[PDB]
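# Results of the structural survey
If you want the building blocks of each chain, they are given just below.
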There are 2 protein chains.
Amino acid sequence: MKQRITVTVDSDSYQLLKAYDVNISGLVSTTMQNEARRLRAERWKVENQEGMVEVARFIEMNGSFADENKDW
Amino acid sequence: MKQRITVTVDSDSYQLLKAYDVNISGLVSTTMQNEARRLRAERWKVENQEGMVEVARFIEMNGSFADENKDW
């Protein structure tokens with residue numbers, strides 16, 4: 001009558017969720033409901049957008065001095 | 001040291017995912033990861049959604065600097 005699905009995490013991200021809101025076990029099956037609905041002659045196709053979000057540069061124009069300097 | 005997260009489904013949606021692609025156990029900890037990262041508490045913290053573009057220009061500079069010209 002019941003199925004025990006157990007993802008022995010402690011290392012995986014599961015713990016992250018419960019670490020801040022141990023109310024996901026039910027979510028587990030919830031995430032499947034959305035996928036459940038979704039699963040119907042379709043998967044993703046349209047979802048990935050941009051992909052780039054702040055790559056953190058390291059230049060910001062080095063040629064900038066305001067205290068009598070120009071090292072090298 | 002492992003943590004056994006057991007969402008005894010059979011009734012919950014878990015089964016739908018495993019009944020059609022029993023490859024979620026890992027997913028459980030993964031789906032929560034994306035949420036784990038995304039964990040930013042509401043949509044109010046610092047600044048808003050970035051990446052606003054009216055067009056699609058790709059000319060931030062000329063190439064290096066303005067120290068030569070001879071448009072031929």
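Coordinates for the structure precede this section.
Structure report, in brief. (Residues numbered from 1 in each chain as written, not as in the entry; some residues may be left out. Chains lettered and ligands numbered in written order. Heavy atoms only, no water.)

## Digging into the overall build of chain A
Helix and strand counts for chain A stand at two helices and one strand. For chain A, the α and β elements follow one another from N to C terminus as β-α-α. Taking 2.2 N^0.38 as the reference for a compact globule, 72 residues should give roughly 11 Å; the C-alpha atoms of chain A span a radius of gyration of 24 Å, well beyond that estimate. Taken along its principal axes, the extent of the C-alpha atoms in chain A is 80 × 35 × 15 Å. In chain A, the 10 positive side-chain charges and the 12 negative ones have mean positions that sit 18 Å from each other. (Helix = DSSP H or I, 4+ residues; strand = E, 2+ residues; numbered from the N terminus. Rg over C-alpha atoms; globule rule 2.2 N^0.38 Å. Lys, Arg positive; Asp, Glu negative; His and termini not counted. Charge placed at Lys NZ, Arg CZ, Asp CG, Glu CD.)

## Considerations on the interface of chain B and chain A
With 31 residues of chain B at the contact, the number on the chain A side is 33 residues. For the chain B and chain A pair, buried surface summed over both sides reaches about 3,000 Å², with 66% attributable to carbon and sulfur atoms. Three residues, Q3(B), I5(B) and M32(B), lead the burial of chain B against chain A; their summed loss comes to 18% of the area buried on that side. For the pair chain B and chain A, the number of links is zero salt bridges. Taken together, the links from chain B to chain A amount to 13 residue pairs in polar contact. Among the elements of the structure, β1 (4-8), α1 (14-18) and α2 (25-38) of chain B are those that each provide at least two residues to the side of chain B that touches chain A. If one sorts the elements of the side of chain B that touches chain A by residue count, α2(B) sits on top with nine residues. By residue class, the composition of the side of chain B that touches chain A is 15 nonpolar, nine polar and seven charged. Inspection of the sheet shows strand β1 (residues 4-8) of chain A paired to β1(B) by five bridges, in the antiparallel sense. (Contact = heavy atoms within 4.5 Å. Buried area = accessible area lost by both parts, 1.4 Å probe. Salt bridge = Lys/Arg side-chain N within 4 Å of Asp/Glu carboxyl O. Polar contact = N/O pair within 3.5 Å; in protein donor to acceptor, adjacent residues only side chain to side chain. Nonpolar A, V, L, I, M, F, W, Y, C, P; charged D, E, K, R; others polar. Pairing = 2+ DSSP bridges.)

## Description of the side chain of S13(B)
Looking at the secondary structure, you find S13(B) in the loop between β1 and α1. Ignoring sequence-local partners within four residues, the contact set of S13(B) consists of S29(A), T30(A), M32(A) and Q33(A).

## A look at unusual backbone geometry
Residue and element names in this part refer to chain A. One non-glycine residue, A56, adopts positive backbone phi at about 55°. As for its position among the elements, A56 is in the segment after α2 (25-38). The class for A56 is exposed, based on a relative accessible area of 55%. A positive phi is found at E60, a non-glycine position, where the angle reads about 45°. Along the chain, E60 falls in the segment after α2. (Buried < 20%, exposed > 50% of the residue type's maximum accessible area, 1.4 Å probe, protein only.)

## What to know about the side chain of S29(B)
Tracing the backbone shows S29(B) in helix α2. You can call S29(B) buried: its relative accessible area is 1%. Contacts of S29(B), omitting those with residues within four sequence positions, involve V7(A), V9(A), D12(A), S13(A) and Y14(A).

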